[PDB]
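The same protein chain appears twice below, in two forms, each given on its own as structure tokens and labelled structure 1 and structure 2.
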Structure 1
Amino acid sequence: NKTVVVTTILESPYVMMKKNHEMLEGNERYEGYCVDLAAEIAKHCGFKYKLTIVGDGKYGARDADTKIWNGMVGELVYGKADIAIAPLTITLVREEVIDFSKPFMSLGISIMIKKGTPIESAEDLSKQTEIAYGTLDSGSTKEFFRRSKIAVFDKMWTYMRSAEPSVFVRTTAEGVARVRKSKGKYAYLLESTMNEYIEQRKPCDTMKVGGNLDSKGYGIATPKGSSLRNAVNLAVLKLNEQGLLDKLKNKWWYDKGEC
């Protein structure tokens, strides 16, 4: 078997630089949930591999003018990498150009509050205005609310689009900082995975509340025609059924946690 080129992304706690990474080389430089995942996938599929960080540090979107895919997805479609093992969301536009395994992690839109905020659900948020709430100013979460035919979510959308000042943010970091500087009066809506992770880091002043508002997954991606597709897919399923993915999630979110 040829050395498999794995593309991945520096996003905590999926892939991070080890403590002494400057004293290390190759795959030993990195650690995290997706580093452990890549080792398990390689073992089950009988390949050796090289972890490479995606050049542009992006996930994969198609430029609407140039029609060029950036990110890990571009690296797959242009033949620059053999497989992407990262927190890459399974979406229609990507599935049209690459193959995804079944999900290795389930996630969805969720509520981030400052600790002690009287909110426990989307329902709770939808029936008041004292606590302002919002999303990234563009992307899937904003559009989820815009599209939603569910009453509580349409109610939330109607509030959010009218709200002044803007309840929207340019970046995830802006949204998190806005929850923290807000004294309980702002809730941020983001993916549960990131929400649960931030819950477990210092300052330790935020928490996740309520069910997930929708249902998405991260998948392992291969270019179309990859001889790895079937085996990768089965390996993800095997690892899930053995409880290994749950184990890794617990490890990287909680065992490594700081709160």
Structure 2
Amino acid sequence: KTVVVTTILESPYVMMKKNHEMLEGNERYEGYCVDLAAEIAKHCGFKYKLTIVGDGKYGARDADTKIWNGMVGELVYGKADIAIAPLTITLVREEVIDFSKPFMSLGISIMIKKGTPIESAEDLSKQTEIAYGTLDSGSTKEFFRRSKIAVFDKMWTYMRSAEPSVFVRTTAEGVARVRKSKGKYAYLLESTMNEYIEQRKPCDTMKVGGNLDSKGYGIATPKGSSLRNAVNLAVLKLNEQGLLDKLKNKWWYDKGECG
């Protein structure tokens, strides 16, 4: 039967094509995870329907209702058969679904406006001219809250107390604050998105320094899924064939706007 694929509208993983209103089904979409889904489906021998997650979320368990939201919720409640998306591999998610081996690495990184005299996390931690922050309710904030590393502890102590708030509700808001004329703000976010935005007009931001942690994105299936093993082996095959590296280069660089 037709496999229901849950995914999320996040660039460049899944984007609406030019002329999407004239198109139907899977042809409406393009991007890294659209290309990845087509290859996974070929290698595993299934036909599929791409669906955009109903709530636009990745997946977390509400502490009060005990209900999972996002793509993880769609898998655990039987709304979708597989999630093919930049879904971070985490312990609480692996307790309720199965992840493939990762298809992409990422880590916390620093975004500056070009010109800002900052090249690293240590640089941020040792000055006060440039403000810095992150999403108000996510994994980057939690990384800093829990860290026992001196540099990151110093950064957290600053961020938690800073006035006005250095936290933002969205990346659109965070990047707008980086870009504001004489804004003197740096934004902490996933390296993959920082690198992506660095390749988009107006070409005024950059990723600086090394990543602060190491994580991976994986494909997720529900417990006991007949697809688990084949999907896992397919991710490894695509890596060994060089296809994952080719797709990253395609969507970040070949289609990049900053030279």
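For residue numbers, the reference is structure 1: its sequence is counted from 1. Under this definition, the rigid core comprises the largest set of C-alpha atoms superposing within 1.5 Å between the forms.
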Motion between structures 1 and 2 between rigid parts - which of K216, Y159, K238, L136 is the hinge:
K216
Based on C-alpha superpositions, what is the rotation angle in degrees of the smaller rigid part between structures 1 and 2?
11
Given the rigid core as reference frame, how large is the C-alpha shift of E174 between structures 1 and 2? Answer in angstrom.
2.4
Please state the CA displacement of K67 between structures 1 and 2 in angstrom, with both forms fitted on the core.
0.6
If the core is used for the superposition, what shift in Å does the C-alpha of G184 show between structures 1 and 2?
7.5
